[PDB]
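Positions of Cβ are backbone-derived with ideal geometry, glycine not excepted, and every protein chain shown enters the neighbour counts. Computed from the coordinates by the stated procedures, all read-outs in this text should not be read as laboratory data.
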Amino acid sequence: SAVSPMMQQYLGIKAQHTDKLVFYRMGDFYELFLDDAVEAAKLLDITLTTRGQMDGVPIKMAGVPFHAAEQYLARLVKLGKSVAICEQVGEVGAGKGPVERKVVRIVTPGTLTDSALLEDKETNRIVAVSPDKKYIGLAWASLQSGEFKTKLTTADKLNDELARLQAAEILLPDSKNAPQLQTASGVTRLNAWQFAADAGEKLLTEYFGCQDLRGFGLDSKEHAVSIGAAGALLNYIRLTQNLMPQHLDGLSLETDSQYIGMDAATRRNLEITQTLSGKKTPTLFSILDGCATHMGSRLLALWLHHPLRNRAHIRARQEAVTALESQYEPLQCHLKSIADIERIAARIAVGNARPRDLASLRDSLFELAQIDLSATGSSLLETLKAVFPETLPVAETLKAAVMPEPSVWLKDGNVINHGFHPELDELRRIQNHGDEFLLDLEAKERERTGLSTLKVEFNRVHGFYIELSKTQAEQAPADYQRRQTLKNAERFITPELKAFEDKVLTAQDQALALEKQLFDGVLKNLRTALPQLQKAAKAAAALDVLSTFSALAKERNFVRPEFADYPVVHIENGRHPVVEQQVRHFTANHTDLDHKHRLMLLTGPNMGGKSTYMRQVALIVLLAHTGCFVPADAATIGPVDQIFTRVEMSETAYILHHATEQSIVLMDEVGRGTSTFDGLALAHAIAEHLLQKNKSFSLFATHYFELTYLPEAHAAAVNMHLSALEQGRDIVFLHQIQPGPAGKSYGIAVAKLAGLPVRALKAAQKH
Amino acid sequence: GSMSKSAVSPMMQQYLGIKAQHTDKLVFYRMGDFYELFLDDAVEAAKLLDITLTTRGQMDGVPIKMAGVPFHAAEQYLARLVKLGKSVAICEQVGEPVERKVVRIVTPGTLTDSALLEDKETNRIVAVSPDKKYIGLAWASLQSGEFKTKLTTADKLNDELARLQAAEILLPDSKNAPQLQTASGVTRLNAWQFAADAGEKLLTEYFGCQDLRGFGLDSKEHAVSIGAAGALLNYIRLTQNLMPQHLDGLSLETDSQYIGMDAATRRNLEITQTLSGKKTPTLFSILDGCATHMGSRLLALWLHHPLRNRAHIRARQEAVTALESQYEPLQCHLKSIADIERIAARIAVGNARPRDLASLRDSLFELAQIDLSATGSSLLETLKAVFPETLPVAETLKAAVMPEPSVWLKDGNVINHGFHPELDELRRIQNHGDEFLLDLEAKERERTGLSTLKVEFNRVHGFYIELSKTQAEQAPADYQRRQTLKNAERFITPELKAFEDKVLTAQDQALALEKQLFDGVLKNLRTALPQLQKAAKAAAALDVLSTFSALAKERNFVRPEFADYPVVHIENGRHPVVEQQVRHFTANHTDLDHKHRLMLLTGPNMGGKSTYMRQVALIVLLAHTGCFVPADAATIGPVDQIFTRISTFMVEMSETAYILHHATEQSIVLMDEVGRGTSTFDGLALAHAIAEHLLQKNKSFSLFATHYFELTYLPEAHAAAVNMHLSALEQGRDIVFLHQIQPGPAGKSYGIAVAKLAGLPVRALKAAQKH
Ligand SMILES: Nc1ncnc2c1ncn2[C@@H]1O[C@H](COP(=O)(O)OP(=O)(O)O)[C@@H](O)[C@H]1O
Ligand SMILES: Nc1ncnc2c1ncn2[C@@H]1O[C@H](COP(=O)(O)OP(=O)(O)O)[C@@H](O)[C@H]1O
């Protein structure tokens, strides 16, 4: 009535998606209308205009070009918005008549697989949360890696798990909590019945082809909330991608004991993967990122955030890096030459993979087959040595199937190799007819009338065609009109080449359709081959990060960390990993902590370097529990469960919490603010909780001198410092750890002489 | 050293002739359409400017390294080179016939070209002549005619250097020269150029007077600064094409005319520069509402130089009060004037181009239109009296130059029509150009039967008529023939040789004539330089005062009051920069007298302590500039200096080491948490002693923020001390800071931050109480 049909179908699509933007394919452009038009013209800086009227109202519209579409929608998912992409799709091929217009894929900021949308070091996780009483169900998955885990956690404390997962999207039900909102990033809201164990268990069991989830360690009475979260995640993944991915790892209940505990503020303080200044310059991940492959880098981040508590999964890693120190160079001088086969396997699983990825996967897998000689170690890398079966006709029948240099698009043509399919072969051999047959009928009927020079014509409107001039007019052999338009050199169509295009045009029309058919065919080889791909990518990444761990333990002085059953922290000539590269003249120090030497009270002037030492030992323990070595001569670490580090952030209060038989707690000058009285009191009580009163093992830096007397009260809490000297008219710090307290101090290089005999006086009323 | 010159080309020998005079600078050697540098200059410029390094010719067998820049881009590269502190001699060829000359030396501190200066950029060169007992300072700004001398000391030197922000520093070459940071471009000079007697001769010559008494100098005690000024004048003479006669007077600066502030204080107060060194909201940027560039520069100068003489301050304030009701059309008028100050500078140094005059005359007329615009009663009346006095210059310029002259004087069409009758007649031979050529071509078509001939021209052959070799054989002997081509053949004929010599001769005479007339009006302008400088200064001052009036009207500023007794009274004042960043800013009072001299500020970390102190210091600074202050009312006593500190730790001991034995009864001192570092024993000892120095041995009005609570008990030991703290309120398990000064020391509430805490918090509550 008062709406264009081309708007009626659009509304038919938009009706199903009022919770995300809709890219609507219009010619060589993607366009959005109405509120999508205003919102898209706002989030981006896109010209807003008008095209058409609905009920007598000029409908607004914004547009982007097709060539720059993935860039713009990549900017849209960086903003945390979802976009449904609506194309015109037809049955059989090229639409044997009709065309449908439907949403072919839905792009969400947490289900990303294309290299055009992801940074080559981005980790993309979608986490679903299902809350209720105390415990809450936590389930996360990464499409690009196949990761798919679950976990039970407590209501709030969830924020630390969220900052640990670094989620790019959160799935949430309705009613009650959880809160935070802007402490996550981009939250999409799903129906409550999606989070039902009373449906989730069924969906999961069907997905993995098993009778129960007890094999994955998930019972039904407990865990129910988390199996429901996993079910909701599975549903979302199904609704977003065009194929249901069959590459997901396999459910596992993550225990809150298999990794060392690090809260959000601790992960930010130590600068594991990002700075406090919101960047990626000097982070622990950056100065260790010597991975030849992107997947190895991302895995390096994963290990950097998840150091394990088990005294059996590390030292295996030590048995790898130790056995790699004499063979790591020819491994990276080989791993540098492969591509992101992890994301490639992903795109094959979801179904958004283009031929270039098949080619690159073929090559990188063949190069993965050329490791061979570099092998033989202990336990784990004996598994990695055997994990490459070359990957059989998955690597072999990939070069046999796909060309060395395939086309960019499957609709351009020519992707499958020559001599791979016979009917294909005979259906190609008309590429010489651009040099034959038409030359035959074009020279045999070249100027059978004259004059003059004769040319040929392809044209898109009309079929194959021939040339002519102005004054030269009606000189034809068939002649019978069927001619114009228009004027200025005239044209008469021929009746016998309309049987020539009748076979070459159809020749390509069945060549490309067939090529799509068997491209889908050898695109199906996933019934047995997809897990092979996942295992290949996993082991390749692991070898990359481990060999990188071997390069760093020889180019820089790193030593195998030893372990112990008794709570101990000792290390000789310990160095800070990221600061060691910033000065080119770092001073190695030691730590000396045991059951009777557990708390260290640090003192010293400012630019002396106590923060650097604290972060030094903390990062050293972290690296020791990763598998890599530590910057030292030797280091011994007992058992440890959590690491804590420290606008009156009481979050010191967080130092409580489940299982406090810790071994590492950092406190840097707690007391700044309020006053010296109440600040000193709080620093005193806080310092006393860290020994016997509830907890154990701490590095306590403070300027409070009236607190250096604490070793006189508790023998387990010792006191050390860092000093300064000069050997001249200016004070310099060489940054050496020295036992005992402060302080001179002093000094003063010109502070008159009427405030000096009180600076020495009041600093002698040290009651 | 036996040498060429069969191993060096004559051109290269010329270049070495110029280069031997400038072994310390880059030399731009004019080479056709380019400026080229050779040898080490070529290598250095290749590094610095990212231009490709190449080779031209050979010297002593070795290829000559060369690097060039195109003429049209030269300025751009110069702009880079002076931003790297580099000086460049500009070798051109001059003559009537030609010799190689330097014509101009571009240095970081003698800039007058708009291509090499930002709009709001001050360009100062300062020469220091050290005696050791005292140090003479002389600074000049060519773009403003600024010329001032001062006697300082070695310990107070870097404070002056930081005050002046000089782009270039002239030092003597002696081994006893003062060691210092480097900084800006440091240029060392043949020590003899700092001579006191020679400098006195140079000054008395430049100004046309008998002695330097009127300026307040004379050779006895100011000798070293006289030598500094002499070095400055000599350097200006070496570097500029023409010797500028626009340097205003020469005042000896005393320590008693401006409110003194050290380098650290200028940096911390963020007057014209942030602590991160930007224009991210500073005092200048927040207050810069000037309509002219010269006005903005003057505003920066004023913000760095608050006046001690209250009479001048009050003259300014009268001006802004009078400008309250009339600053809108004033700003509209001044907004359409150009940088006549820099114009006068380029005229002075002999670097003005025709369109510069085309801006000077127009903006001078637009300034003459302000005679209405405003009235009133103050120093304003002098300012208004200045503008109509400069109308004659605008008239002579309206008569002498075109409404829009050409860019280059070498192209003619710069001198106006009707200004010179001989030029009008020489320029009149132009219809006789195209017209005669029509009355010739048409008289050759019918005469040769060829519509295939036109009169053509090139710079090599002149005018000619060309015919194809087919038609060439049929040409008359009336034609004369020259160039032999392939298809055609060119011919002149004496009836267009008379024409050719006629019009080309007229062109040359016209060009030379415009050259000499434009030069004439340039000499006249340079004689009118004092009135031009008065016009520029009057415009800039009026623009700054208009800006102050506008700020007071639109931001609720009030005229501060001045008292004869030590007092700082601010009825809820505001921080001028922070106030435009918070949507809501809480104003706060300040009551200080001889009995209340030291405020001991305490409290949490987000109660506006530092902002309050900076607010007080900034209102006192603004008070002595003529600008109205952000408050309901204010009253400040006699102030001499403003000290502040708002990494560690000897830098703290250094700044305090400056404050304790320099601050006086009239000083305003700001201390922000002194003691951070070392420990809480020694730091509290130092904070204690430092505090008991401002009330006692230098009765300065001090704001002293700290977290040492034991310093709270000073009002119970000193009548001068008082306790104030800033507000913190609990309204819903959540801390808020309403930022309000309250008498007293905030009490104890760090334990009260138990709003998110778990103890066993009594172990702290058992440490305090403890008295
Ligand atoms: N062992 C070391 N070797 C060399 N430089 C160091 C060392 N430890 C610290 N530094 C340097 O000393 C400076 C002060 O570091 P910081 O830990 O902040 O001191 P503090 O914590 O005592 O205030 C840093 O810039 C760092 O570069
Ligand atoms: N009067 C005020 N009105 C509004 N905001 C203020 C005011 N004073 C301070 N603030 C804000 O409070 C913050 C803390 O200022 P600051 O004075 O540095 O606290 P402290 O001195 O306790 O360290 C600043 O970011 C400032 O913007």
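Bridgeable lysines around A:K14 (alpha carbons under 21 Å apart, same-chain partners fewer than 8 residues away excluded): A:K42, A:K60, A:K81, A:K102. Sorted largest first, the principal axis extents computed over the alpha-carbon atoms of the range A:123-258 equal 37, 33, 31 Å. For the protein assembly as shown, a simple Cβ point-charge model (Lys and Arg +1, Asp and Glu -1, everything else neutral) yields a dipole of about 2140 debye relative to the Cα centre.
Pull out a ≥ b ≥ c, the square roots of the eigenvalues of the alpha-carbon gyration tensor of the range B:528-585, then state rounded if a/c is under 1.5, prolate if not and a/b is larger than b/c, and oblate in the remaining case. Since a/c reaches 1.5 but b/c is at least a/b, the shape of the range B:528-585 is classed as oblate. Across the range A:559-568, rounded Karplus estimates of 3J(HN,Hα) from the backbone phi angles (6.51 cos²θ - 1.76 cosθ + 1.60, θ = phi - 60°) give 10, 4, x, 8, 10, 7, 7, 8, x, 9 Hz, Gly and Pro being marked x. Projection of the Cα convex hull of the range B:237-287, averaged over all directions and equal to a quarter of that hull's surface, yields 6.5 nm². Taking the range B:1-116 on its own, what percent of its Cα-Cα pair distances exceed 25 Å? Above the 25 Å cut-off, the range B:1-116 has 21 percent of its Cα pairs. Our summary of shape: the Cα atoms of the range A:613-767 have principal axis extents of 57, 37, 33 Å, ordered from largest down, in whole angstrom. Here the range B:73-93 and the range B:132-147 have alpha carbon centers that stand 24 Å from each other. Taken over the protein assembly as shown, the convex hull of the Cα atoms encloses 306 Å³ per residue. Note on the range B:612-687 and the range A:632-651: Cα centroid distance 41 Å, given to the nearest whole angstrom. Residues A:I466, B:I226 in ascending order of nearby Cβ atoms (within 10 Å, fewest first): A:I466, B:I226. Tally the DSSP beta bridges in chain A and give the antiparallel ones as a percent, rounded to 5. Given both bridge residues lie in chain A, the antiparallel proportion sits at roughly 65 percent. Each 20 Å bin from zero holds the following percent of Cα-Cα pairs in chain A: 13, 36, 30, 15, 6, 1, 0.
Exposure proxy ranking for A:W303, A:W140, A:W193, B:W192, based on other Cβ atoms within 10 angstrom of each Cβ and starting from the fewest, stands as B:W192, A:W193, A:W303, A:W140.
Counting only residues at least eight positions apart within a chain, or on another chain, the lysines with an alpha carbon under 21 Å from that of A:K752 are A:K744, A:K762, B:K156, B:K697, B:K699. Computed over the range A:336-399, relative contact order equals 36 percent, with contacts defined as Cα pairs under 8 Å that lie 6+ residues apart. A simple rule links phi to the HN-Hα coupling: the Karplus curve 6.51 cos²θ - 1.76 cosθ + 1.60 with θ = phi - 60°, which for the range B:230-237 gives x, 4, 5, 4, 5, 5, 4, 5 Hz, with x for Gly and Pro. Counting other Cβ atoms within 10 Å as a rough exposure proxy, the listed residues A:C210, A:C628, B:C332 run B:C332, A:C210, A:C628 from fewest neighbours to most.
Here, P(r) means the percent of Cα pairs in each 10 Å bin from 0 to the largest distance; for the range B:247-330 it is 14, 37, 37, 12. In the range B:424-509, which trypsin sites (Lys or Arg not before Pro) fall in coil by DSSP and have 14 or fewer other Cβ atoms within 10 Å? Answer in residue order: B:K454, B:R459, B:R482, B:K486. Note on the range B:429-566: Kirkwood hydrodynamic radius from all Cα pairs is 21.3 Å, rounded to one decimal.
Any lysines with Cα under 23 Å of the A:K487 Cα? List them, leaving off those in the same chain fewer than 8 positions away. Output for A:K487: A:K455, A:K470. Of all DSSP-defined beta bridges confined to the protein assembly as shown, some 60% are antiparallel rather than parallel. Please give me, ordered by residue number, the trypsin sites (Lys or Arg not before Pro) of the range A:585-627 that lie in loop per DSSP and have at most 12 other Cβ atoms within 10 Å. Answer by residue number: A:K596. Within 10 Å of each candidate Cβ there may be at most 11 other Cβ atoms; applying that plus a DSSP loop requirement, which trypsin sites (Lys or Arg not before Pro) in the range A:655-748 survive? Sparse-neighbourhood loop trypsin sites (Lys or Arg not before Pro): A:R729. Going by Cα centres, the range B:327-365 and the range B:703-754 are how many Å apart? Using only Cα atoms to place each centre, the spacing works out to 55 Å.
Report for the range A:123-258 the percent antiparallel among DSSP-assigned beta bridges with both residues inside it, nearest 5. In the range A:123-258, DSSP labels about 65 percent of beta bridges as antiparallel. For the range B:526-629, the Kirkwood estimate of the hydrodynamic radius, built from every pair of different alpha carbons, is 16.3 Å.
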